[PDB]
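A, B, ... follow the sequence lines: proteins, then strands. Residue 1 opens every chain. Atom set for the values below is all heavy atoms of this structure, side chains included, hydrogens, waters and symmetry mates excluded.
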Amino acid sequence: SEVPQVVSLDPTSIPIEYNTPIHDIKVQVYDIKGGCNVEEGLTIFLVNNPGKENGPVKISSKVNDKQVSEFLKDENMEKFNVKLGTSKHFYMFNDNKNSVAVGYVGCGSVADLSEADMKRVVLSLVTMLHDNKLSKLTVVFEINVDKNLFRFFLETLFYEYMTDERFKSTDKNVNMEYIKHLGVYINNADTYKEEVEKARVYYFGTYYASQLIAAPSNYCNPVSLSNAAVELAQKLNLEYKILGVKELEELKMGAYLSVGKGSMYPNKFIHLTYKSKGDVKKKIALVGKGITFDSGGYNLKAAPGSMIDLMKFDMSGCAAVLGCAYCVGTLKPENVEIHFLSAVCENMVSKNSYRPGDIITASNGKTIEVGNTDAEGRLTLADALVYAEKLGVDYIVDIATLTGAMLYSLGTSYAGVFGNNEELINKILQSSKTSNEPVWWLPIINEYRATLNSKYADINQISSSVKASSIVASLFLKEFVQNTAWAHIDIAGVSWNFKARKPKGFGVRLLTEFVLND
Amino acid sequence: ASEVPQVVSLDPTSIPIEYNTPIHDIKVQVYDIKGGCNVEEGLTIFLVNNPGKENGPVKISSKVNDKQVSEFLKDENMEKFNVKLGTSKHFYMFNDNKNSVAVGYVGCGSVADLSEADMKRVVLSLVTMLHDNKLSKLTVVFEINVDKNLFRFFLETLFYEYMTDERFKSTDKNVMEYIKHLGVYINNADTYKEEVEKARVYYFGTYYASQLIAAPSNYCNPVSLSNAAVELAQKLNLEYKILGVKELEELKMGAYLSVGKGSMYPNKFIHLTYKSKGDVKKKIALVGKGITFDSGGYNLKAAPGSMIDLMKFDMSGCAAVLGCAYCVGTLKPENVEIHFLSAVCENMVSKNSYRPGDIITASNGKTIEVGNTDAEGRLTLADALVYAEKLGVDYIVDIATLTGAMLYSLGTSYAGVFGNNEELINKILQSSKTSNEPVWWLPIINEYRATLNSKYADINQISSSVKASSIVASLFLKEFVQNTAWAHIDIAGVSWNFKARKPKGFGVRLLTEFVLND
Amino acid sequence: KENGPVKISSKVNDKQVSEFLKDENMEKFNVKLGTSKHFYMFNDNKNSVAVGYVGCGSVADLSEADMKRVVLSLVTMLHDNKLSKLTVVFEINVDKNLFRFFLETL
Amino acid sequence: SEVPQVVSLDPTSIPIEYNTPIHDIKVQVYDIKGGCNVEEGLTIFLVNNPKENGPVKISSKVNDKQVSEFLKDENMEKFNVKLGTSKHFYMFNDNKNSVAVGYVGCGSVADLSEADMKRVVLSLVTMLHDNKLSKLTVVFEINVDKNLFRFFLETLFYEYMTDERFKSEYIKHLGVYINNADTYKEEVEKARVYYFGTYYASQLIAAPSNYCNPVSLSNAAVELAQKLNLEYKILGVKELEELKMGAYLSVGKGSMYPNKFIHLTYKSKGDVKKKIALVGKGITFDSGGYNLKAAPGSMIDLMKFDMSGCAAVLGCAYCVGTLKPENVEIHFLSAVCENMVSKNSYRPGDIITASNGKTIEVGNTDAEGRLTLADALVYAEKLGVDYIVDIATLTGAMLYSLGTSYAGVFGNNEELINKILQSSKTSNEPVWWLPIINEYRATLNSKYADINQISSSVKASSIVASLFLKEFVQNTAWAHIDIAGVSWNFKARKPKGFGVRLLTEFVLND
Amino acid sequence: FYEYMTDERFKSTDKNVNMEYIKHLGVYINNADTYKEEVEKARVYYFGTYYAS
Ligand SMILES: N[C@H](CCc1ccccc1)P(=O)(O)C[C@@H](Cc1ccccc1)C(=O)O
Ligand SMILES: N[C@H](CCc1ccccc1)P(=O)(O)C[C@@H](Cc1ccccc1)C(=O)O
Ligand SMILES: N[C@H](CCc1ccccc1)P(=O)(O)C[C@@H](Cc1ccccc1)C(=O)O
Ligand SMILES: [Zn+2]
Ligand SMILES: [Zn+2]
Ligand SMILES: [Zn+2]
Ligand SMILES: [Zn+2]
Ligand SMILES: [Zn+2]
Ligand SMILES: [Zn+2]
């Protein structure tokens with residue numbers, strides 16, 4: 001509970017914004033075939049030209065206004081093209097002689113938009129909402145989208161539009177105002193309508209994870225993070241338990257505790273539970289890596305490209321899991337019991353830190369020789385995994401910013417998934433597809449197992465030879481799940497949006513889809 | 001006996017030590033080959049060379065008291081095999097008593113005087129014969145010429161290499177039994193019989209050092225290390241004194257204390273004493289470098305090839321000294337007084353650590369400018385040497401994993417010896433020859449002395465210019481021995497067996513031969 | 001049983017070698033993937049033959065990598081043999097493809 | 001041979017000054033007991049205090065009323081004896097003659113080291129450089145070995161000699177006052193020879209690689225041989241190919257300069273009782289090859305010095321050719337080439353065949369020395385000599401093992417090693433015996449070739465390189481002197497000409 | 001002043017067994033009667049600099 005402080009100006013909680021301007025947006029969805037009233041604020045058509053690359057903009061929707069209609073006559077729009085991401089703004093007077101702003105975002109030639117295209121599309125739309133004080137946006141859909149994509153559209157629109165100012169003080173945006181109303185025209189209205197509030201929940205889960213990740217390590221430490229989880233659990237009516245050092249010791253979580261030894265913040269193990277009202281048909285343990293700061297320990301992140309300044313993000317996995325708890329706690333799925341777990345600690349350099357070479361004992365009795373204190377994640381997860389399996393769940397899915405190697409394998413767009421069970425991996429895949437958080441299945445190659453053979457301990461933490469460290473890390477983790485379907489999502493490469501200089505909150509939607517569709 | 005401080009209750013508070021090794025259960029028997037070879041249960045190995053003829057055929061010279069085995073090992077049957085160094089074969093036959101026997105041979109090359117290291121290759125080949133094969137008995141037949149030392153050496157090496165440290169094994173113990181009988185057939189057996197128990201002592205001394213070295217730095221720390229020394233002293237009836245920080249401060253050991261400042265473990269200075277029953281004719285101080293973990297301090301071991309993960313081994317000198325204490329305490333030499341010394345501490349990074357640039361004062365009043373916190377060994381040794389010489393000894397020999405340069409100079413096989421005294425150096429060199437722990441005499445080049453001229457302090461810890469750091473470290477050390485014959489053995493290169501991934505326990509035999517042949 | 005004792009099932013048309021392969025002598029060795037032992041001995045013909053095993057672990061399905069480990073162990077015996085023929089007896093379960101891999105790797 | 005040229009301004013040879021100012025100096029030696037004359041020039045006393053850095057006190061009787069006052073104890077008490085500390089003053093002598101008088105601090109050390117004596121000779125040299133003098137007179141108020149006395153001389157000459165060849169005065173008389181000046185006279189001209197051999201090596205080393213390339217270097221050796229009446233043979237690529245020197249030729253492949261193998265021979269007049277082959281590493285520039293010297297601290301700019309070994313050997317040829325020892329036949333050898341990056345260079349991974357038929361896998365093109373030496377050693381042994389000594393700036397590791405002061409000696413023969421050590425003692429070029437550790441041999445076991453050039457594992461590269469070289473001497477006493485650490489004087493930014501005296505002493509005493 | 005002063009606060013065994021400063025500094029300069037004011041300023045400046053040092 002009580003966050004330790006070195007100086008009274010050290011902050012004692014993570015600032016969190018629950019009531020975002022996004023949440024205040026009154027959303028309306030309409031059937032396209034009833035026609036668009038273009039009345040105020042800004043009214044953007046999403047338009048594609050199926051086939052011809054860089055085609056004309058032709059506005060299909062019947063528009064209930066002679067003047068907007070004349071404006072948008074194919075003739076008038078022909079000069080503008082649809083190159084995905086192009087946008088144009090139009091200013092005119094409608095029927096009641098009321099100046100309206102209109103425009104379109106180019107949606108490309110390909111009539112089925114990829115997740116990445118939909119993103120580039122929202123981004124164009126958000127640059128239209130920035131630097132333009134608007135009370136109302138209206139998006140007319142003149143493209144084919146499935147229900148998940150329109151949900152994604154909204155999730156991304158909400159999340160990209162949002163602008164984290166928690167840490168701003170003298171350099172807040174003096175000229176920032178949010179829309180109060182969002183109008184959406186689409187075909188099949190009724191069907192897409194259900195995606196709206198789902199999107200809003202998904203948005204917040206993601207954004208909430210985002211907020212935790214973005215919170216710097218002085219704000220977001222093991223104590224303040226676990227406090228925030230307790231606060232979230234209380235707001236969602238989730239069962240929660242925070243395991244403190246004494247309990248951790250009793251549970252013999254030596255790998256986890258060893259990582260935290262060097263920190264001024266006592267380890268805190270987060271255990272949230274959501275139980276369905278009905279019969280419980282599926283028990284799931286979601287495990288997030290919760291390193292609130294990763295200095296590397298005595299294996300200090302000193303090497304070029306080690307990005308020590310980014311390491312506040314090493315609790316992204318935990319964030320993903322918490323954001324998911326938000327979503328599941330809000331959407332209240334049936335027939336599931338979900339455990340949200342994170343072995344939270346901070347990996348620091350101290351007289352008290354664990355050293356390279358240390359042999360430590362995991363809660364399952366396996367002794368581990370520490371080859372590198374910067375491979376701390378898998379040590380914390382090891383004990384979290386033993387814990388998860390002791391819960392007697394059907395699935396254990398962990399999500400962790402585990403390996404920098406992910407940048408070299410999948411890059412910044414697709415997370416890696418490893419696991420010991422094909423059905424479970426496929427479930428993650430499907431959840432990847434429906435959440436639009438891209439995940440790729442990577443192999444746990446058993447041949448590498450032998451390089452974890454320690455001369456003194458039961459197991460090495462790291463390989464000496466094998467540079468395929470995401471695989472090796474997975475091999476290591478696999479040793480801590482005895483008999484349960486388990487999957488591991490390495491979001492090290494994807495978690496942080498380097499270009500936008502912010503977290504993605506990656507994994508919240510994925511895990512939620514996973515929980516919801518199982 | 002002091003409390004091992006702990007961070008968490010899962011932190012171990014002692015080094016686990018195996019005193020009663022399976023090797024102590026081996027009943028060993030030497031028989032003269034004149035008498036002939038009883039070939040029965042177990043495995044009966046011949047050590048055979050073919051003088052001059054490189055990879056020549058195997059010939060069994062010795063009498064075998066069995067028509068059947070004899071017939072089997074008759075020349076016509078043995079020329080399908082060659083004596084190439086370290087090669088081996090397994091034979092299977094039914095003996096004179098209708099009993100099935102396992103006989104074999106290890107090829108001893110073609111040079112009838114195996115060097116220390118060939119013999120190491122020969123043992124290794126024979127160990128592999130003992131591994132994966134539950135034998136109650138090994139019978140070895142020397143059909144090669146070795147001398148007392150070399151014969152011992154084989155026993156000592158065999159014992160050592162056979163033993164398998166499972167102390168840090170939990171779920172990954174090997175399911176591994178040990179021969180309970182060693183039979184040796186050699187010419188002039190009676191002259192060799194005396195080597196057996198000496199080898200067994202030497203083995204354990206070495207193995208004991210090995211145990212300490214291998215113990216990771218969370219297990220083996222200054223408090224637990226000194227506790228183990230106390231325990232060893234108590235078992236051997238040695239006088240002991242452990243100097244704690246208050247006494248160290250009183251003694252003004254600022255160089256030593258500065259190193260430890262950053263550690264959570266208080267410095268502990270180990271002082272063990274063996275005094276002979278008779279008139280004391282020689283007083284020897286053995287000083288071992290006792291850095292239980294060397295992180296490098298603020299000069300963190302972050303550079304490629306700095307091998308931070310190995311740095312539990314930086315107390316090897318202390319280990320060698322302690323193992324030597326075991327041998328001396330056990331073999332009880334006469335007319336000698338031996339002091340076993342190690343200034344034990346841990347070189348860590350902390351708000352309390354000493355910094356590069358700090359000027360610190362040794363117990364002899366010399367002020368030292370710290371140019372690199374990673375050159376900590378010489379600092380601790382400085383104060384240890386001043387202490388040693390205050391004891392009024394005839395010789396001071398320090399042994400220390402002092403400089404990584406040793407890898408560049410002598411490599412992994414031969415330790416470097418430097419000293420201020422030729423007679424003493426020659427004694428170490430003779431001891432090298434008789435212990436078969438290879439050492440090479442390296443110069444203390446006075447020309448380099450000037451690069452230790454600090455602008456502010458009396459002396460620089462490190463050279464700025466001279467890259468010959470083993471020699472520079474030696475020059476630095478020399479400054480702390482005013483008037484006593486002193487040698488320094490740099491075992492940095494040699495202490496860890498990188499290929500086998502284990503300590504060698506290097507120096508125990510060397511130091512014990514040194515002590516004993518005086 | 002990981003690192004399980006060796007037990008030869010095949011009947012062999014030799015008395016000496018059958019004796020050598022009995023369960024009592026063979027239980028002294030283990031099946032740790034890649035572990036081998038092998039002895040020279042005289043067969044019912046006073047002919048000089050070598051006999052052993054290569055441990056194939058405790059999994060009834062060998063991977064390619066696992067097979068490579070087995071072959072590598074064989075190939076070791078081979079590089080120190082001035083023998084005339086190799087006989088490999090599969091006391092493990094292998095499909096057509098793995099078997100070709102075994103040969104190609106050997 | 002015509003050195004090839006990229007441009008009309010590419011030097012086609014190495015400037016060499018043979019007639020150094022140091023030759024026009026007349027050297028005289030007076031028993032100090034007789035007293036000291038102060039007539040002209042500067043007079044330096046070599047004084048020590050056997051009190052650490054204690055007061056100065058001049059011992060010798062001195063033939064000048066007015067200067068003896070300057071030398072009075074209470075005047076000198078103002079000055080100290082700390083190693084290499086000096087002061088000197090101008091004044092007027094007995095005959096109003098502008099004489100300078102001073103001292104050098106010889107520390108408290110009773111017996112001067114090779115090092116401490118350089119510090120004396122350096123302090124003294126400063127004053128020579130800052131002072132326009134006719135004569136310099138040195139007074140020995142300390143103890144010196146005939147060898148240390150000779151060392152004093154050559155160190156003086158050499159440090160005093162300033163190489164001005166690459167730019168766009170000196171005393172004409174040297175006085176020595178020494179206790180027992182009869183024993184020492186013979187050291188003078190020996191010192192002078194030794195000086196020049198060293199200085200000549202120095203000159204070659206210092207010459208940049210555009211000046212000193214394989215063609216110009218061999219040309220210079222030929223010129224030296226001609227001046228000394230030595231037999232000489234330069235092997236060109238056609239002969240090297242016929243001799244199957246593929247290790248050596250591989251290294252040179254990338255160079256615009258054809259390999260040149262220098263073979264000089266001095267044969268004694270009398271019965272030849274000892275045949276010696278001296279082999280010097282002669283890489284005129286070492287870029288590293290495709291293993292380019294790009295790493296921090298690889299000092300690519302220094303790599304003109306990678307023919308130091310060759311220079312040492314040529315300098316020694318000068319001394320031997322000049323001093324004309326008896327009962328020895330000496331072969332001076334260097335497989336000279338340049339290690340360059342080119343479409344024609346050998347690559348890492350190449351397997352090449354030495355002249356003895358051993359195939360070598362090239363693990364690193366920057367470990368080229370041993371490749372050239374291999375072929376040179378096979379050549380040397382074919383000569384049927386009693387000893388082969390190679391000297392080479394072979395391994396940077398030497399800086400980490402012995403540093404900049406002592407060269408490393410490895411060998412396959414104790415007697416020969418001891419001879420080198422004895423030569424080290426008498427030449428005052430410090431050498432230390434390092435082991436060839438056979439345990440490391442196995443890391444030269446190539447999977448494909450007969451042998452690997454480098455270890456993969458072992459970082460003890462001086463030892464590994466020695467193991468590799470050993471492979472190319474079948475049956476002859478052989479020693480290898482690694483002067484990589486010691487060859488260049490980094491502080492003075494010049495070569496030391498290391499090895500010339502060592503090798504000459506070796507030849508002369510054995 | 002600054003370059004003449006040796007800092008020995010951190011020696012103890014190192015000497016300095018020779019180092020002893022002049023007691024007198026004489027200067028001879030043109031219109032010295034002006035330069036004279038610079039002397040004590042220099043001494044203050046020296047010590048400020050030396051103190052920082
Ligand atoms: N949270 C770290 C990886 C995340 C990351 C993301 C982007 C760029 C760089 C790093 P880590 O726990 O230090 C994991 C180590 C794994 C490791 C560390 C040290 C030795 C072996 C493996 C790594 O992948 O670098
Ligand atoms: N206990 C360390 C060396 C032991 C060792 C053994 C094998 C490989 C690497 C290192 P050290 O005290 O840091 C010795 C320092 C010496 C040193 C001297 C001056 C500056 C920095 C380091 C070093 O070798 O790194
Ligand atoms: N002409 C080089 C040594 C000269 C030298 C002297 C002092 C400092 C740096 C370099 P080398 O042939 O590249 C010898 C290599 C040895 C070597 C061996 C194997 C791989 C790479 C380099 C080296 O020590 O750098
Ligand atoms: Zn890490
Ligand atoms: Zn991490
Ligand atoms: Zn260190
Ligand atoms: Zn150390
Ligand atoms: Zn090179
Ligand atoms: Zn070179």
Would you give the length of the straight line joining atom CD1 of B:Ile23 to atom CD of B:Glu161, rounded to the nearest 0.5 angstrom?
10.5 Å

Rounded distance (nearest 0.5 Å) linking atom CD1 of A:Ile462 with atom OG of A:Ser454
11.0 Å

Is the closest side-chain heavy-atom distance between B:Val28 and B:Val184 below 4.5 Å?
yes

Pair B:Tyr19-B:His24, ring pair (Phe, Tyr, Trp, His ring centres under 6.0 Å): steps then yes or no:
CA-CA 9 Å; B:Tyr19 297 96; B:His24 288 90; 9.5 Å; no

Gap between atom OH of B:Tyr207 and atom CZ of B:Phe204 - 0.5 Å precision
8.5 Å

Nearest 0.5 Å, what's the CG-OH distance between B:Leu126 and B:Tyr162?
9.5 Å

Taking the side chain as everything from C-beta on, heavy atoms only, tell me whether B:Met163 gets closer than 4.5 Å to B:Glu18.
yes

Is the closest basic N to carboxylate O distance between A:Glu369 and A:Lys455 below 4.0 Å?
no

First locate atom CG of B:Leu73, then atom CZ of B:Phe91, and finally report the distance between them rounded to the nearest 0.5 Å.
6.5 Å

Does a side-chain N-to-carboxylate-O contact under 4.0 Å join B:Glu177 and B:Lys134?
yes

Under 4.5 Å between any side-chain heavy atoms of B:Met129 and B:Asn133, yes or no?
no

Can you tell me if A:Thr367 uses its side chain to pair, donor with acceptor, with the backbone of B:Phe168 under 3.5 Å?
yes

Check B:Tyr192, B:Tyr185, B:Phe142 against B:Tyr31 for a ring-ring contact (aromatic ring centres under 6.0 Å, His included) and give me the one that passes.
B:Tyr185

Let me see the working for B:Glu40 and B:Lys137 under salt bridge (charged side-chain N to carboxylate O under 4.0 Å, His left out), right down to the final yes or no.
CA-CA 9 Å; B:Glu40 283 148 17; B:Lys137 176 172 251 164; over 6 Å; no

Can you check side-chain hydrogen bond (donor to acceptor under 3.5 Å, both in side chains) on A:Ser463 and A:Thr451, steps first, answer last?
CA-CA 5 Å; A:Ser463 184; A:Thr451 72; 2.9 Å; yes

List the atom of B:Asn49, the atom of B:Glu143, and the distance in Å for their closest heavy-atom pair.
OD1-O, 4.0 Å

Counting only heavy atoms from other residues, nucleotides and ligands, does the tally under 6.0 Å from CG of B:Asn20 exceed 12?
no

From B:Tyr92, B:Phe81, B:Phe72, residue fulfilling ring-ring contact (aromatic ring centres under 6.0 Å, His included) relative to C:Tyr40
B:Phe81

Is a side-chain donor or acceptor of A:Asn460 paired with a backbone partner of A:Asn453 at a separation under 3.5 angstrom?
yes

So that I can tick it off, tell me whether B:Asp172 and B:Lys169 are bridged by a salt bridge, with the cut-off set at under 4.0 angstrom between side-chain N and carboxylate O.
yes

Would you indicate whether B:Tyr160, at its atom OH, is surrounded by more than 12 heavy atoms from other residues, nucleotides or ligands within a distance under 6.0 Å?
yes

Is B:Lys312 close enough and on-axis enough to A:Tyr456, meaning under 6.0 Å and within 45°, for cation-pi?
yes

A:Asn364 side-chain N/O to A:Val386 backbone N/O, donor-acceptor pair under 3.5 Å:
no

